[PDB]
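As structure tokens, the structure follows; a few thoughts come after it.
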DNA sequence: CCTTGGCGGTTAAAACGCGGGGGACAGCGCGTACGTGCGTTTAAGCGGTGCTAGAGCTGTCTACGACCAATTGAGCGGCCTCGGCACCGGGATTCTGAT
């Protein structure tokens, strides 16, 4: 019944999180990619069937290609929290643990809401980075949608090459919001440029560039 | 877009409760201090007898204090500056209890 639906949605969200991490450049084992609903239920659920969200929390390391390309790519921590509402307490613990093991980026997937008082600790936890996603948002991977073309973040050298080829300043580029679902999915920081190749009915293929604010 | 009125979120201080451990209470038993009494004694009290030191009173002389002009500088009000430590971050000491 509804327990099956909850478990299935959670498994879909976990698969989306792993696809997000692999897309961003971290190495994920090919076997944990193909995690199936029943095998996930075996490794996560209980005798009563309700799931322990504390076992999904994993650790991701940069693939060597995404290290040679994105030199600023550190080590990733991904946590599925158990408290539906998340307050300043839980964010304090999460930030303490992230800084405690010098994790560069900490993804904090929550269920119901993250309160503004807690929300204020997200930017004040330098040099680590904390991002949050809601589980309801992660059920579908939106980069698989047909209307969403593939976004690829540029490296610093290629961004410089792009700016010099067009004799451009950063403010004279098309823009993408930091809160954009595909910028949010990609972990774009201010000043970084994605490249968006897309279908063109007049030319076949067209490359677009946006800078994240 | 500007103005104002709710329900949450977070801080901070405070009852309920659950185990829990020890302490006032009551009882039992033992010890000896003192009330009650008896035998013996002398110093406080009554009543005199006498001797005397000094405070109340009076008197006399007076000088420091009350009162009233003049005088002036430290006391008082308003600012200006800077270091001891309450609190914070972090490590070494030390009870403290179960074993």
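Note that each Cβ is placed from the backbone with ideal geometry, even for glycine, and that neighbours are counted across all protein chains shown. Basis: the model, the stated rules and, where named, an outside source; nothing here is a laboratory result.
Brief remarks on what is shown
- When residue A:65 is tested against (1) surrounded by 11 or more Cβ atoms within 10 Å (Cβ to Cβ); (2) closer than 23 Å to residue A:128 by Cα; (3) more than 17 Å from the chain's Cα centre (by Cα), only condition (1) is not met.
- Residue in segment A:79-97 that is surrounded by fewer than 16 Cβ atoms within 10 Å (Cβ to Cβ), away from DNA strand B (no atom under 16 Å from the Cβ), touching a residue at least 24 places away in the same chain (Cβ under 8 Å) and assigned by CATH to the domain that holds residue A:11 present: no
- Qualifying residue in segment A:44-56 (condition: loosely packed, with under 13 Cβ neighbours inside 10 Å, away from DNA strand B (no atom under 16 Å from the Cβ) and under 15 Å from residue A:18 (Cβ atoms)): yes
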